[PDB]
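Student: got an experimental structure here, sequence first:
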Amino acid sequence: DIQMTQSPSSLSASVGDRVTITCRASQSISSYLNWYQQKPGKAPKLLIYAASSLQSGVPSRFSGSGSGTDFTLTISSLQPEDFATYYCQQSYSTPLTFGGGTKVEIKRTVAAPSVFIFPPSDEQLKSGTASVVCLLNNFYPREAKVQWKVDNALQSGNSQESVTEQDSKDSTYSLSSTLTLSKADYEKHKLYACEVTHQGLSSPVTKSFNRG
Amino acid sequence: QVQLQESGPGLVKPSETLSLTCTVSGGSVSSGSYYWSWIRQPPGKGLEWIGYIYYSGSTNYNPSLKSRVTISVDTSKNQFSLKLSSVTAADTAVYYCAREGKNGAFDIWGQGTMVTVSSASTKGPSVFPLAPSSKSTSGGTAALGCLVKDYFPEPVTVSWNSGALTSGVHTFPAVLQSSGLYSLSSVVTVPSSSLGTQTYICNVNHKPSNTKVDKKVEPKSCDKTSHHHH
């Protein structure tokens, strides 16, 4: 088995910056090393075959150098649509092996989130469950703090959140925090608050509703 | 153009065999030696190469997966399939079919199909509306969406108005709930003017349970009494 080491694991860069990724093989594989781009939820996409040749359709801003054991992938000017995870793969001898992967994130100026809150639907209340959804749309950076408050009582341990990936155009994130309770607990309280803390906010922002 | 679509069950019970079939359309499986192969990817992990079969039927398999992997070709149907027996939880991953062709390798991949290895049975989702309202608007635009809750296994796919709506749509990655099942939300940003006049329907599809559900999303109708004009 041929081991492939990739460095770094994570990096943040701005639009137009020059990006450099390192892939290291345990032994000489000459110019048999391909580069793939995999965006989240999509299959990987072939960028570079041989060690420096550009696959048809791939923009010229991608370039790869190296031969033997040490290889480098380089994007001349990073575009917002270039956000993905890049894997190197040796194509010399079986078994075929891939690198550890390198996540390329995009740096941009602060963007404040717009906060929306959704009360549980009537259809869900007939099933005996109540979910309150809090939505943060188009913001940066990814780091955010969502704190629920029920009748001004700080909730904890009963909520989940998931974040989208960077928007291919404006490089912002979106986040949904879902607070789920039994219909009994939801009926037994009045106020439901969603407290958002973010770098784009001068002071915490709270969206709340109370008929519950 | 050459395309690769994949299929097969997305849930196998442990210590049982995996059946997957990749169908090649827009091309032939007969071009000397193309090296039709299979590659799997655990969620949040990297890529692992399984093996390949080519025109003659000779096969090279990854060592750890030897004796458990068997790949074959059906030239009269333009198909090649993969079989993996005695499956454990560590085989739950997205499986891709791809062709390694001519220079380099892996010029064309498939859509990818996820296989969850569980003793549990398939549960279809419950689709609840995320209705837009006054507290669901912040300025010129308002937000609405669909909550797809308590389903297993992955994946589900959400589309708004049979794909007619794409600008402003955000479908979130699913999450493990504290009790077993998956759940995600799909939302869309719209101008607050188009609330009372434009129709919003999310189309949820869960192939593992063969369940399709459309759900109209209408503005919130509060029923702690108001006054209504005829």
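Tutor: Everything's here; your move. Numbers count the residues shown, from 1 in each chain, chains lettered A, B, ... in the order given.
Student: what's the burial count for residue 32?
Tutor: Chain wasn't specified; assuming chain A. 19 (other C-beta atoms under 10 Å in any protein chain shown). Any C-beta I mention is one placed from the backbone N, CA and C, and that applies to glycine too.
Student: that's the other chain; I wanted chain B
Tutor: Neighbourhood size, residue B:32 [other C-beta under 10 Å]: 8.
Student: what sits against it?
Tutor: By C-beta atoms under 8 Å, 6 or more residues apart in numbering or on different chains, the contact set of residue B:32 is residue B:55.
Student: using the three-state scheme, assign it.
Tutor: Put simply, residue B:32 is coil when judged by DSSP: H, G, I helix; E, B strand; the rest coil.
Student: and it, backbone torsions?
Tutor: With angles defined as degrees, to the nearest 10, residue B:32 sits at phi 60, psi -120.
Student: from residue B:57, how far out is it?
Tutor: Counting by C-beta to C-beta, to the nearest Å, the gap from residue B:32 to residue B:57 is 14 Å.
Student: cool, and residue B:184?
Tutor: 42 Å.
Student: the two: which is more packed in?
Tutor: residue B:184 (23 against 9).
Student: isn't the more buried one right up against residue B:157?
Tutor: No - at 10.4 Å, residue B:184 does not count as touching residue B:157 under the criterion of C-beta atoms under 8 Å.
Student: who's in contact with the closest residue to residue A:88 other than its chain neighbours?
Tutor: Excluding the flanking residues, the one nearest residue A:88 by C-beta to C-beta, 6 or more residues apart in numbering or on different chains is residue A:23, at 3.6 Å. The neighbours of residue A:23, taking C-beta under 8 Å, 6+ apart as the test, are A:4-7, A:33, A:66, A:70-73, A:88, A:99.
Student: equivalent analysis for residue B:13, please.
Tutor: Counting by C-beta under 8 Å, 6+ apart, residue B:13 has contacts B:117-119.
Student: neighbouring strands - and their directions - for the strand or helix carrying residue B:170?
Tutor: Element membership of residue B:170, judged by DSSP states H and E, is strand B:169-171. If you go by DSSP bridges, strand B:169-171 pairs up with strand B:182-191 (antiparallel).
Student: list the buried residues for the partner strand?
Tutor: B:182-190 (16 or more other C-beta atoms under 10 Å in any protein chain shown).
Student: same check, this time on stretch B:32-52
Tutor: For stretch B:32-52, burial by neighbour count (16+ other C-beta under 10 Å) applies to B:34-41, B:46-52.
Student: next: stretch B:195-210.
Tutor: For stretch B:195-210, burial by neighbour count (16+ other C-beta under 10 Å) applies to B:195, B:200-206, B:208-209.
Student: repeat for stretch B:79-92
Tutor: For stretch B:79-92, by 16+ other C-beta under 10 Å, it's B:79-82, B:84, B:87, B:91-92.
Student: that older thread, and chain A, which of the buried residues of stretch B:32-52 contact it?
Tutor: With C-beta under 8 Å from any C-beta of the partner chain as the criterion, those include B:37, B:46-49 near chain A.
Student: from those residues, which two are the most distant?
Tutor: The distance between the two most remote of these (C-beta to C-beta) is 16.4 Å, for B:37 and B:46.
Student: check the gap between the residue with the largest distance to the centre of chain A and residue A:151 for me.
Tutor: In chain A, counting by C-alpha atoms, centre = their mean, residue A:188 sits farthest out from the average C-alpha position, at 37.0 Å. According to C-beta to C-beta, residue A:188 and residue A:151 sit 9 Å apart.
Student: could you tell me how many residues sit around the residue of chain B found nearest chain A?
Tutor: Across chain B, the shortest distance to chain A (C-beta to the nearest C-beta) belongs to residue B:104, at 2.8 Å. Residues lying near residue B:104 (other C-beta under 10 Å) number 21.
Student: now do the SS call for residue B:111.
Tutor: coil.
Student: that one contacts residue A:43, correct?
Tutor: Yes - taking contacts as C-beta under 8 Å, residue B:111 lies within contact range of residue A:43: 6.6 Å.
Student: so those two - more neighbours on which side?
Tutor: Between residue B:111 and residue A:43, counted using other C-beta under 10 Å, the more crowded position is residue A:43 (21 against 15).
Student: residues contacting the nearest residue to that one once chain neighbours are set aside?
Tutor: In space, not counting the residues next to it along the chain, residue A:43 is nearest to residue B:109; the distance is 4.2 Å by C-beta to C-beta, 6+ apart. Residue B:109 sits next to A:43-45, B:4, B:96-98 when contact means C-beta under 8 Å, 6+ apart.
Student: and of the residues you listed, the nearest to residue B:171?
Tutor: residue A:43 (17.7 Å).
Student: I'd like the distance between the closest one and residue A:87.
Tutor: From residue A:43 to residue A:87 the distance is 12 Å (C-beta to C-beta).
Student: can you check residue A:160 too?
Tutor: Distance of residue A:160 to residue A:87, given as C-beta to C-beta: 29 Å.
Student: quick one, which of those two is more surrounded?
Tutor: Between residue A:160 and residue A:87, counted using other C-beta under 10 Å, residue A:87 has the larger neighbour count: 24 against 14.
Student: element containing the residue of chain B closest to chain A, please.
Tutor: When the helices and strands are read off by DSSP H and E, none of them contains residue B:104.
Student: quick one: end-to-end distance for stretch A:86-105.
Tutor: One end of stretch A:86-105 to the other measures 11 Å (C-alpha to C-alpha, to the nearest Å).
Student: for stretch A:43-54, buried residues please.
Tutor: Going by neighbour count (16+ other C-beta under 10 Å), the buried part of stretch A:43-54 is A:43-52, A:54.
Student: now stretch B:137-150
Tutor: By 16+ other C-beta under 10 Å, the buried positions in stretch B:137-150 come out as B:137-138, B:141-150.
Student: what about chain A: which of these touch it?
Tutor: Of the residues in the buried residues of stretch B:137-150, proximity to chain A by C-beta under 8 Å from any C-beta holds for B:137-138, B:142-143, B:145, B:147, B:149.
Student: which of those residues lies closest to residue B:14?
Tutor: Residue B:14 lies nearest to residue B:149 out of those, by C-beta to C-beta, at 26.5 Å.
Student: am I right that the closest one is in contact with residue B:125?
Tutor: Yes - with contacts counted by C-beta under 8 Å, residue B:149 reaches residue B:125, the gap being 6.7 Å.
Student: give the contact list for the closest residue to chain B within chain A.
Tutor: Nearest to chain B in chain A, going by C-beta to the nearest C-beta, is residue A:49, at a distance of 2.8 Å. By C-beta under 8 Å, 6+ apart, the residues touching residue A:49 are A:34, A:55, B:103-105, B:107.
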